[PDB]
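Chains as they are written, first to last, in UniProt numbering: chain A, 204 to 251; chain B, 1 to 37, 47 to 437.
Built from N, CA and C at the ideal position, the CB exists for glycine as well.
Data block below; observations after.
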Ligand SMILES: Nc1nc2c(ncn2[C@@H]2O[C@H](COP(=O)(O)OP(=O)(O)OP(=O)(O)O)[C@@H](O)[C@H]2O)c(=O)[nH]1
Ligand SMILES: [Mg+2]
């Protein structure tokens with residue numbers, strides 16, 4: 204008589220394989236608004 | 001000889017000094033560095058090779074508004090310790106300005122005013138500019154009057170207030186700082202010109218026709234007030250008036266020293282050239298009861314005195330004709346103890362033209378510093394706010410926290426109450 208060869212693979216042996224790592228490369232590139240150039244052009248030079 | 005020292009305190013004091021000392025710079029020809037490319050003696054000095062240092066102290070517990078003149082073009086004009094600053098603002102607290110943090114900056118202010126008075130060979134007045142609506146302008150400004158009235162006793166101290174407006178405040182504890190600071194401007198002040206922001210807003214709205222004016226435009230017209238005030242101290246004229254004669258032929262019995270300003274050749278270039286801005290028309294717009302720089306209608310008050318300062322190509326025959334037509338009108342009325350009520354003064358210098366500002370080229374000017382019993386209403390409107398707040402002891406923990414006892418609130422209101430009582434007593 205033959206031996207029924209043991210096929211069997213547990214939960215811990217089956218149901219996860221090493222996943223590919225998540226592809227993350229994205230910073231928050233913020234274009235700076237340039238400082239709005241200032242003429243609240245003062246009193247002395249403004250009127251006299 | 002012929003020197004006057006301006007004493008700016010409060011943030012509105014620096015900004016009103018930026019316009020006034022500007023106008024004094026042009027009106028004698030000083031360039032922005034301080035060099036002319047001796048009428049100037051009231052405002053500037055002579056420091057060797059044409060240098061012209063102004064006679065001012067810019068005083069503030071908050072460095073921010075005095076830093077913009079220290080970092081703009083005029084660090085090189087003003088002497089760099091004539092711009093005394095502090096660390097913490099008094100922060101709308103009369104207690105902080107007058108008792109707590111004003112008592113460390115008051116040393117540098119009096120030391121510099123003393124140095125600015127030692128180079129004088131006959132000093133006429135102290136033109137103090139302030140704003141009684143806030144912190145260091147109500148606080149340290151009051152204490153500076155206490156120190157000035159005790160070291161310079163004979164000296165006259167003019168004072169251009171910026172008294173709170175009726176419906177416009179920009180501050181909610183403003184009724185406290187106004188009422189509590191009356192005593193500085195009642196017993197330690199010889200001339201108390203009462204100005205407010207709304208009346209300048211209305212003048213800018215209907216006369217200059219700037220619909221949306223800024224504080225810098227408000228400082229335009231108040232600069233024109235002092236130029237006509239010190240006009241006779243600097244340039245020749247038919248009739249001259251100095252600050253001794255403003256406080257003599259205008260001021261009645263000594264507690265009543267509260268005057269109102271009304272410049273009135275206010276016009277801009279779209280209107281200006283279409284009309285004759287002669288002596289008759291500019292003085293009728295001066296006495297008009299909507300051009301007062303107070304939001305205070307003279308039509309329910311009695312003119313006790315008036316000081317017309319005509320300034321330009323003004324002939325004295327037209328002055329005497331103009332005072333006749335304003336005296337024959339019933340809407341303008343005077344107290345019975347006043348047969349003569351005008352101190353006319355003419356300066357030959359034309360009004361200084363305003364490149365790029367708001368006014369236009371006018372050949373003649375007029376400014377009134379008039380004392381009336383109508384001014385008994387600018388304090389009655391602030392009585393109603395003070396009594397409403399102090400009924401529930403609102404906002405008074407901020408005052409008592411730095412060492413301002415709860416008592417002074419009551420006799421500051423009582424001092425203004427005797428001030429009101431003194432004003433209808435004259436008009437009987
Ligand atoms: N005429 C004029 N008034 C001003 C100007 N800036 C502020 N004010 C008035 O000043 C009043 C209050 O005073 P503040 O501006 O707070 O200045 P302050 O006296 O130093 O008070 P603190 O800064 O809190 O110590 C406000 O009602 C404003 O209308 C200005 O540039 N010109
Ligand atoms: Mg301040």
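One alpha carbon belongs to residue 162 (chain B), the other to residue 150 (chain B), and they sit about 17 Å apart.
Inter-residue distance for residue 139 (chain B) and residue 398 (chain B) is about 24 Å (C-alpha atoms, whole angstroms). Between residue 101 (chain B) and residue 409 (chain B), the alpha-carbon positions lie close to 14 Å from each other. About 15 Å separates the beta carbons of residue 277 (chain B) and residue 211 (chain B), which is beyond the 8 Å limit, so they are not a contact pair. In the displayed model, residue 201 (chain B) falls within a strand according to three-state DSSP. Across the region 76-88 of chain B, CB contacts with chain A closer than 7 Å involve 81, 82 and 83, in sequence order along the chain. The beta carbon of residue 363 (chain B) falls within 7 Å of a beta carbon belonging to chain A, placing the residue at that interface.
Unbroken beta strand (DSSP E) runs of no fewer than 3 residues, entirely contained in the region 222-274 of chain B, are found at 267-272, following chain order. In the three-state scheme derived from DSSP, where H, G and I count as helix and E and B as strand, residue 294 (chain B) is classed as coil. At a cut-off of 6 Å, the beta-carbon of residue 145 (chain B) counts as near ligand 2: some heavy atom of the ligand is closer than that. Closer than 8 Å at the C-beta level to chain A, one finds no residue of the region 314-330 of chain B. Taking a Cβ-Cβ threshold of 8 Å, the residues of chain A close to residue 18 (chain B) are 245, 246 and 247, in chain order.
For the region 416-430 of chain B, no residue has a beta-carbon sitting nearer than 9 Å to a beta-carbon of chain A. Inside the region 357-423 of chain B, DSSP marks whole beta strand (DSSP E) runs of 3 or more residues at positions 376-381, from first to last along the chain.
Among the residues of chain B, none has a CB under 9 Å from the CB of residue 226 (chain A); the nearest is roughly 50 Å distant.
Using a CB distance cut-off of 7 Å, residue 250 (chain A) counts as an interface residue toward chain B. For residue 305 (chain B), the closest of B:232, B:203 and B:48 by C-alpha to C-alpha distance is B:203. For residue 205 (chain B) and residue 16 (chain B), the gap between their C-alpha atoms comes out near 13 Å.
A straight-line Cα-Cα distance of about 33 Å links residue 228 (chain B) and residue 413 (chain B). Taking non-hydrogen atoms of ligand 2 into account, the C-beta of residue 11 (chain B) is found less than 6 Å away from one of them. DSSP places residue 8 (chain B) within a strand segment (E or B) once states are collapsed to three.
Ligand 2 never approaches residue 76 (chain B) closely enough for any of its heavy atoms to be under 6 Å from the residue's Cβ. Straight across, the Cα-Cα distance linking residue 111 (chain B) with residue 422 (chain B) is about 23 Å.
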